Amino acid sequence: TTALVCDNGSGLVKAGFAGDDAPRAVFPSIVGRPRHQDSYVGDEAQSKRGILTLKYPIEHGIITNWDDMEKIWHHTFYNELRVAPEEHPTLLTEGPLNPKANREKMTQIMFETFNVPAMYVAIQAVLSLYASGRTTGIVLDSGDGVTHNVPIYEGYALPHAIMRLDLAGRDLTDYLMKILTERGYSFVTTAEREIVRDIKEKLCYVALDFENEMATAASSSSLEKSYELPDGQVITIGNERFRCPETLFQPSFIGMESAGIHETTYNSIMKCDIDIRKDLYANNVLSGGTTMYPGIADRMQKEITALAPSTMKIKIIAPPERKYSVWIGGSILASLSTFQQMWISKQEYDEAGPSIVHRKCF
């Protein structure tokens, strides 16, 4: 009996089998329907996006379209992994500070619709910490939907210090779409959002000094890059390369009053007992696709140093495979019989209902 590990990101499904070193199915968490007013899921919807309007059932880490989310799960099991879910204990994931009903409904659907024999819902950042070989550290987990700050000491996340910012990759993509209009480009539709997402992933970077970089961009074309659109047109982008992810450090770029990711990290550490802060500062673990911008670790190191006491030893850990750290941590933990001992069985669900998830999954 092999457990399935499914990390339902806001933007990407990562799914596979416990004990594998990587997810075997990675595909967009999207359902597409005809743009002219019956549905396609995942890679095929992305392929046929020329004639489809694309919708994400997860927004900011919360499932907001349950009918479409069921399509995503059905596709993951039957079309991608090609498994019968009733034969496989299933590990799902979730970001912290989600409303309780999100995991209640995940649990209900897994048992009542997919008939899984057992399941567990794990906190994403905790999986990433274990994937890094640590029991103590502070994880900055940023995917398509949410940026979370999760401090963990001796294997226990510290709930009073967990912080959440509903600003992540999708907001960055949308902002790149907007600023690209300054150059006279028009990216508006859901299909165009996916093109700009690709531009963002390929060409964006975090500047070490934002104002200096803006000056460099105006002095010459040395920072410019070209990109070929699917229709063949070649566009040029310049300071948008770094203005886009600057939003993580200056959320006011998209009109949010929130502190930037460096300040939230600092604030989360400061909510922890003083005696453990040095260990957290020396163990900032980056996780998620939105932490993949070139330059982000160096910028974090600079900004946290400016906020922290002058002698504080600060280290940013940026695992090269951090797009998959959550999944990998799940694959490891789901390979351990003692971890599986805590999973909800189908009988337990039959007798206790969705409320049992809160009493078994931590």
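The first residue of the sequence shown is number 1, and the count goes up from there.
Quick check on the record: how many residues from the deposited sequence are absent from the model between residue 37 and residue 38 (none, 1 to 3, 4 to 9, 10 or more)? 4 to 9 residues lack coordinates between residue 37 and residue 38.
Give the stretch, out of 310-318 and 332-340, with the larger mean C-alpha temperature factor in the deposited entry. Per the deposited B-factors, the answer is 310-318.
Comparing 54-62 with 323-331, which has the greater mean CA B-factor as deposited? If you average the C-alpha B-factors of 54-62 and of 323-331, the larger mean comes out for 54-62.
Quiz for you: based on the deposited Cα B-factor, which of 94, 141, 194, 240 is highest? Within the set 94, 141, 194, 240, 194 shows the top C-alpha B-factor.
Peak C-alpha temperature factor (PDB record), options 154, 80, 246, 166: Within the set 154, 80, 246, 166, 166 shows the top C-alpha B-factor.
Lowest, middle or highest third: where is residue 23 by Cα B-factor in its chain? It falls in the bottom third of the chain.
CA B-factor placement of residue 353, once the chain's modelled residues are sorted into thirds: It falls in the top third of the chain.
B-factor third for the C-alpha atom of residue 178 within its chain: Residue 178: CA B-factor falls in the highest third of its chain.
Using the temperature factors of the C-alpha atoms in this entry, rank residue 266 within its chain: lowest, middle or highest third. As the PDB entry reports it, the C-alpha B-factor of residue 266 lands in the middle third of its chain.
Among modelled residues of the same chain, the CA temperature factor third for residue 105: For residue 105, the deposited C-alpha B-factor lands in the middle third.
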